[PDB]
Every structure is written in structure tokens, then in C-alpha cells.
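Undergrad: From the sequence below, what's the structure:
(6 chains, ligands or ions: 2)
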Amino acid sequence: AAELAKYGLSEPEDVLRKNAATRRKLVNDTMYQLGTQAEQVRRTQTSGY
Amino acid sequence: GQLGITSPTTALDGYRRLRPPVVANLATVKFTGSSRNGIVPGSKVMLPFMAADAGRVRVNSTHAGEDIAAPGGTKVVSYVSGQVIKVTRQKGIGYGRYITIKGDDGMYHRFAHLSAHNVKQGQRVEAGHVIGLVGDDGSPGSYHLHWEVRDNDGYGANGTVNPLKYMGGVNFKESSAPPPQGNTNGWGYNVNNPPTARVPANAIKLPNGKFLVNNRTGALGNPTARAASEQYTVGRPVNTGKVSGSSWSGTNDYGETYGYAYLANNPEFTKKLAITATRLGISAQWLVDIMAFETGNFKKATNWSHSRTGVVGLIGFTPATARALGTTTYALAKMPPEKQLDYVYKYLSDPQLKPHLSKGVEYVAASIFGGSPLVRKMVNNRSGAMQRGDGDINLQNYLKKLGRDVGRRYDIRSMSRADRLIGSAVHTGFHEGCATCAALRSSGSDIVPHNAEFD
Amino acid sequence: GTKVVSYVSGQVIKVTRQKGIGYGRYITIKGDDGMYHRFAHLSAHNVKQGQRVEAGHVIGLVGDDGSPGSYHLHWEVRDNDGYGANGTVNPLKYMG
Amino acid sequence: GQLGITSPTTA
Amino acid sequence: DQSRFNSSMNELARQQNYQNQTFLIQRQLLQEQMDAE
Amino acid sequence: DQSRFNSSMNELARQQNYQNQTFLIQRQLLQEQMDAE
Ligand SMILES: [Zn+2]
Ligand SMILES: [Zn+2]
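TA: Numbering: from 1, shown residues only, chains lettered A, B, ... in the order given. Ligands and ions are numbered 1, 2, ... in the order given. Below, you will see the structure:
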């Protein structure tokens, strides 16, 4: 059970069924926000010469 | 302890994991001579070489990078923590083997003319990490290191800063090794009567109140200073000494902090602890050290969930001990340390333990560690109780770790023979693992003969 | 045998004893002026913890805890109720 | 402020 | 925040002092080279 | 931002030294003219 919950699949079957698409959407949105911040940081990396 | 540059810009699967190849000391050069090139007189610059190689490298008394002549095979060490940007090779005139590190200080550091690389592109290297070996790409026969500091990741002379001048004006900590542990019979702090004479923190705490600063040694409060090389020779090397495990003045002074900050900021706790120690007939220092070790330097005294086996309190009250004392583990954890001292005294007042407490620190430690049967085994077989055969949770290690937080190590009979014999090696030069060498370099003194103090 | 007398009106914070080097019998009074006054090396106490003492109140007798044979009074003025030298003011200069 | 500094010797 | 501001101000002051000292050393070296000629 | 300010200060110092470097040539020319006179 511990190494199952390490990934997040220890919930009951119905709970896992109801919380799949939203979980993937949240993962994608979090990664998109992280990428936006990373792109901003990289873009601000400019030489002054 | 953050080795290298500490400027206020750096502040912000199943297989065995090996420690990164990081050293604990870095080479520094102080130039008192008149050989001047624009860098301020009498300043200390941190070279990217190991501290053991400080004396074997030369600054070479025309281009944008400083060349440091070093013997072939020396290791280049990153003085700042950062990300390795690029590790490539340019065959020909300039930048034979060069490695660029984006330091946390905001400046790019380039080490060129190398023989081999030890880092990888995109690798996060801490300060003291081994980068690579020096090369002879420019002048065969003589090895050197092309060292360049930039504010950008370019390839030109536009944006180059002299490494020596840059290192002269930055705040850095050249050593990260702990100071050596020895005898502090005189390096004591009393909150009611603070000491009159003090020395800079980079001094070496020699036994009986002696110290060593800037190649000169003396005693606290005595203006007479003797040369380090004249008094400390190969015949009598610098020995930090040890604290006797069975000798004490017989009186406990209220407010005596014994080098512990918690006792200094809580004078009522210090007074209560002195009362308890005097009542028990034992030195306050022994009980102070044992409680400090058992509580992580008084930071876990009232923690009732840190220990997975249910051990709380100043002296590590087990549930069986708590039941014996008439209370519970949770209540012992809830009470403040001043109140817990009463239960410590009650536990140590056991007639199976009290008579043997005054005989030394080892008896008190055994009583707190194993209880009555360990004390009885000590009384019947003093040598047998301190066996070092496997275990790794024996009483010998427990006595070894006592007083570590303040720099005190105890010399206990039938226990410290191995420490005395193994630590009887004399060093005449710098060795990386030796803490005394690091302390000598940090104090500004030269490497005088001293005993080996490893860990 | 001389009697130590509180020169300021305030609240007595603590009346305890430290055996050994410093602060043999010491009494701390939180004066109404905002400064803490400590009288150490006493023989006996005449006040109680948490007692409001007026100016001119008798505090206690002098002692010889430091140098036996000669009696003296350790007098110290602080802006805090600590136990160190960080926050100490010379009593003579303060009363001047 | 409080009296004391972080211990340079390892804990 | 107060401690961080104090540390930043002290670092800036010491940086300016080091820069002034370096400029003074450069001027002294320039004068020495002038005297050499 | 802090690194950018540090780099700006370093550039200021470099250009100050660059302007100051003309002093040797000026002194040498003055000595040459004094010898000629
Ligand atoms: Zn070069
Ligand atoms: Zn006095």
C-alpha cells in the first residue's frame, strides 16, 4: 500500500475512475505554468554587451 | 559552513550513492611582498587548487587570463558552487581543455589548459568539487592553469575581469573543516562572570587557555607572545589535549555554560542543573554533555515524535523508564527541561546507580545508556563492558561522541588507548583529512608540527 | 550588619541564592524608573518575591561572600532582567 | 540578542 | 528583512571601499611608472 | 539584477583605467618637449 500510494493509485477503484482526466489536466497545467516561468527566466537571460 | 565564496548573492533507485569528489579546504595566497600589479596589498586570494597544493603553485609574478604555474598532475578545484555550462576542447593556441562554471555569485569562471575533465555538461558542482587536472598545452614541459573570470558566457576579451583582483574583494570562507577537538580546561564561558580576555574566533583552542594566532602562541590575558616554530617543534608537537574523565574541581558553579549556548540563554536551567549535579555528587560538565548529546544540543528536549521508538527527555527517557518513574513518556516530553531535571535526578538517585556515579563520566554515561545492568557489568568487568566487537551501538562510541558539539573529548581509562595510539601521528605538512592543519591555515599560522586529528 | 535600603520604588522580581563565585544572595527590584537594580552578596533578605517596595524600604543586610572578613555590597544596574554583562550600566554614573 | 554562535565543530 | 537589508548595505559599502582602494593602487602604480620614465 | 549592477561597476572601473592610461604618453611627450626646448 505504501509503494502504491507513492505513485497515487491507492484510492478506491471508483475514486480513481472519477479522478483521472482532471488529474492529468492538472499535471499538464502545472507543467505548462512551470514552462512559462522557465521561458521567462531564459528570455531575460541576455548579455549587456 | 559554505566553503568558497559566500557573497550575499549566493544565499538565495536501489544502488549505493557515493559522496561527490569534494574537498574541505582550499588554497589561499597572501602576498606581503612588494610584487605589485594593481591588486591591493596584503589581501588574501582563493586559488582554485587544493589547500595541500598552496605552497607548490606560483602566481607567475600578457592576456586576459591569469596563469598559475603548478606541477603536473595537480587537481583543479571549483572554488564556487554553480552549474557546469560547457566542457569542450579547442586544439591549437587558446583554451586547450576548458571548463566553464556558472557560479552562484553571478560570474562565469573558466578553467582552461587542462589535461582531463572530471565534470559533465549541465552538472551542479558544489564548492570544493574536483574539476580536472592541469595541462601544458601552451608551454610543454611546464604545467599551468589558464584561469579566467567573466560576467558573460562569451569567448572574447570584452567582459573579462582579473581573477586576482576579483578574488581580493569578495567575501569567502577558505576552510570548511571543523576545528579540532581537544581540552577546554580554560575555554569556559560563565554567564555571570564573562571572561575578561578574548581572542578572534579563528584561533586554535589549545589546552589550559593557550591559543595560536598569526604564527604566534600565548595564553589568554598574557601579552607575551612566543613564536610558534620556536616552542612547538617535532619533539613537542601541537597537541590539543583531552579532558580527564574522572577529575573535576568538586564544586559546580551556577551560570557555568560549559560552552553551550542553551545554558547561556537559560540561566535558570543552568542553575537548576548545577543544583542537581551538586546534589548527585557528579560534575555538572558530564551531565551537561550527556544531555546535550541525547537531545541534539537541547533542540529536541520537548519533542514527543522525533524518536520512532518513543524516547524523549533530557536523558532519553524510555517508556519503561517513564513507567518506573511513575509517569508517562508524553508527560515527560511535555514538561520543560527545568521540570525534567527533577525526574533526571529521581532516575539517577537509584541506589543501584547513585554510588557509582561519582567515580567518573563513564559510569554516568553507562547508567543513562544501559541502566543498572550495564553499570553492574562495568563494576564487575571494566574492560569487558567497553568491547568494540561489532555492535556499533556500544558504550565506546557513546563515550566517543560526548562533548562533540563544543569541542571536548574525554580521556577515559581502558577506552582511549586506541584513540591515543591511532592519534599519535605527527604531521609536518598539510593533509586534507586533518582538522588541525585546517585550523592552522585558518588562523594564519604556518603548518607547525602537530598530532594527527582525523575523524 | 549594615542594612541595604532600596533607593527607588518598584516591584521585587526575584530573591534567590547562588552558591560559589558570583551573586551569593542577590535581590532584583524592577524600579519605577525603568531600570532593574540588583543587590548581591547579601547576608539575609527582608523582602519577598513579587512584593511592591517603596523608596527607603529595607532590603537586607550586607554580606562577605567574596572576601571573608570584609563586608561589601555588589550593586548593579541593568535595563533588562538578564544575568550577563550585556546591558550593564555603571551605578555611580547612572545615579550621578 | 541571544548569546552564542553556530558551532563550527560538526554536530 | 531588516537583517537582509543591513547585510546588503554592508556588502555594498565594502565593495565601494574595495573599488576605491583598487583605484588608489592603480593611481599609485601609474605615478610610479611616470617616475620610472 | 545584483550581478548586472556588479558588472556595470566593473565596466565603469575598466573604462576609468582606460582613460587614465593616456597619462604615461602625455608625460613622455611633455618630457620630450622639455628636452627639445
Ligand atoms: Zn594563459
Ligand atoms: Zn563585586
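Undergrad: got the contact list for the closest residue to residue B:261 other than its chain neighbours?
TA: Excluding its sequence neighbours, the residue lying closest to residue B:261 (Cβ to Cβ, 6 or more residues apart in numbering or on different chains) is residue D:4, at 2.9 Å. Heads up, the C-betas are built off the backbone N, CA and C, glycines and all. By Cβ atoms under 8 Å, 6 or more residues apart in numbering or on different chains, residue D:4 lies in contact with B:261, B:264-265.
Undergrad: Keep only those of the residues you listed that are in helices.
TA: B:261, B:264-265 (DSSP state H).
Undergrad: For residue F:37, state which of those is nearest.
TA: For those, the minimum distance to residue F:37 (Cβ to Cβ) is 75.5 Å, reached by residue B:261.
Undergrad: Which residue is it, in the stretch 101-250 of chain B, that comes closest to chain D?
TA: Using Cβ to the nearest Cβ, residue B:178 is the residue of the stretch 101-250 of chain B that sits closest to chain D, at 4.3 Å.
Undergrad: In which helix or strand does that residue reside?
TA: Using DSSP states H and E, residue B:178 sits within no helix or strand.
Undergrad: Look up phi and psi at it.
TA: Phi and psi for residue B:178, reported as degrees, to the nearest 10, are phi -70, psi 150.
Undergrad: before we move on, the earlier item: against residue B:257, how distant is the residue nearest to residue B:261?
TA: 9 Å (Cβ to Cβ, to the nearest Å).
Undergrad: ok, longest helix in chain A?
TA: Assigned via DSSP H, chain A shows its longest helix as helix A:21-44.
Undergrad: Identify all contacting residues around that one.
TA: residue A:8.
Undergrad: CA atoms only: put that helix into CSV for me.
TA: Extracted in CSV, the C-alpha atoms of helix A:21-44 (Å, rounded to 0.1, in the frame of the first residue of the first chain):
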residue,chain,number,x,y,z
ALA,A,21,-8.9,13.2,-16.6
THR,A,22,-8.9,16.0,-14.1
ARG,A,23,-5.6,14.7,-12.6
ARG,A,24,-3.9,14.6,-16.0
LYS,A,25,-5.3,18.1,-16.8
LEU,A,26,-3.9,19.4,-13.6
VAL,A,27,-0.5,17.8,-14.3
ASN,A,28,-0.5,19.4,-17.8
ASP,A,29,-1.5,22.8,-16.4
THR,A,30,1.2,22.7,-13.7
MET,A,31,3.9,21.7,-16.3
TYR,A,32,2.7,24.5,-18.6
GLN,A,33,3.0,27.1,-15.9
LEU,A,34,6.4,25.8,-15.0
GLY,A,35,7.5,26.0,-18.6
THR,A,36,6.1,29.5,-18.9
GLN,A,37,8.2,30.6,-15.9
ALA,A,38,11.3,28.9,-17.3
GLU,A,39,10.8,30.6,-20.7
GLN,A,40,10.5,33.9,-19.0
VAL,A,41,13.7,33.3,-17.0
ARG,A,42,15.6,32.1,-20.1
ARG,A,43,14.4,35.1,-22.2
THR,A,44,15.5,37.6,-19.5
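Undergrad: Show me the strands in the stretch 151-300 of chain B, by range?
TA: Using DSSP state E, counting those that start in this stretch, the strands assigned to the stretch 151-300 of chain B run over residues B:160-161, B:172-173, B:210-213, B:216-219, B:226-227, B:243-244.
Undergrad: Tell me, how many residues neighbour the residue in chain E positioned nearest to chain D?
TA: Here chain E gets closest to chain D at one residue, residue E:3, 10.6 Å apart by Cβ to the nearest Cβ. Residues near residue E:3, counting by other Cβ atoms under 10 Å in any protein chain shown, number 7.
Undergrad: send the alpha carbons of the strand or helix carrying residue B:85 over as PDB?
TA: Per DSSP H and E: residue B:85 is located in strand B:82-89. Taking C-alpha atoms only, strand B:82-89 is exported to PDB below (Å, rounded to 0.1, in the frame of the first residue of the first chain):
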ATOM      1  CA  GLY B  82      27.400  26.500  -9.600                       C
ATOM      2  CA  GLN B  83      26.300  24.800 -12.800                       C
ATOM      3  CA  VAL B  84      28.800  23.500 -15.300                       C
ATOM      4  CA  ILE B  85      27.800  25.100 -18.600                       C
ATOM      5  CA  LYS B  86      30.100  23.500 -21.200                       C
ATOM      6  CA  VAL B  87      33.100  21.200 -21.300                       C
ATOM      7  CA  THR B  88      34.800  21.100 -24.700                       C
ATOM      8  CA  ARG B  89      38.200  21.100 -26.400                       C
END
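Undergrad: ok, for the residue in chain E that chain F sits nearest to, nearest residue in space, not its chain neighbours?
TA: Chain F sits closest to residue E:34 of chain E, with a gap of 5.1 Å, by Cβ to the nearest Cβ. Nearest non-adjacent residue to residue E:34, counting by Cβ to Cβ, 6+ apart: residue F:27, 5.1 Å away.
Undergrad: Hmm, the one you found is touching residue E:37, no?
TA: Yes. In this structure, residue F:27 is within contact of residue E:37 by Cβ atoms under 8 Å, at 6.4 Å.
Undergrad: Which one's more surrounded, those two?
TA: residue F:27 (16 against 8).
Undergrad: Give the buried residues for the helix or strand hosting that one.
TA: In the assignment (DSSP H and E), residue F:27 maps to helix F:22-36. By neighbour count on 16 or more other Cβ atoms under 10 Å in any protein chain shown, the buried set for helix F:22-36 is residue F:27.
Undergrad: Quick one: closest of the strands of the stretch 151-300 of chain B to residue F:20.
TA: Residue F:20 sits nearest to strand B:160-161 of all these, at 17.5 Å, using Cβ to Cβ.
Undergrad: Please identify the pairing partners of that closest one and their relative orientation?
TA: Sheet partners assigned to strand B:160-161 using DSSP bridges are listed as strand B:144-150 (antiparallel).
Undergrad: ok, and does the partner strand reach over to ligand 1?
TA: Yes. Residues of strand B:144-150 contacting ligand 1 under Cβ under 5 Å from the ion: residue B:146.
Undergrad: then stretch E:6-24 to PDB, C-alphas only?
TA: Provided in PDB are the C-alpha atoms of stretch E:6-24 (Å, rounded to 0.1, in the frame of the first residue of the first chain):
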ATOM      1  CA  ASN E   6      21.700  45.500   6.700                       C
ATOM      2  CA  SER E   7      23.800  42.800   5.100                       C
ATOM      3  CA  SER E   8      23.200  44.200   1.600                       C
ATOM      4  CA  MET E   9      24.100  47.700   2.700                       C
ATOM      5  CA  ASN E  10      27.300  46.400   4.300                       C
ATOM      6  CA  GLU E  11      28.300  44.400   1.300                       C
ATOM      7  CA  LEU E  12      27.700  47.400  -1.000                       C
ATOM      8  CA  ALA E  13      29.800  49.700   1.300                       C
ATOM      9  CA  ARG E  14      32.700  47.200   1.400                       C
ATOM     10  CA  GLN E  15      32.500  46.800  -2.400                       C
ATOM     11  CA  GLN E  16      32.700  50.500  -2.900                       C
ATOM     12  CA  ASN E  17      35.600  50.700  -0.400                       C
ATOM     13  CA  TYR E  18      37.500  48.000  -2.200                       C
ATOM     14  CA  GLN E  19      36.900  49.700  -5.500                       C
ATOM     15  CA  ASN E  20      38.300  53.000  -4.200                       C
ATOM     16  CA  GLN E  21      41.300  51.200  -2.700                       C
ATOM     17  CA  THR E  22      42.000  49.500  -6.100                       C
ATOM     18  CA  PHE E  23      41.700  52.800  -7.900                       C
ATOM     19  CA  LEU E  24      44.100  54.300  -5.400                       C
END
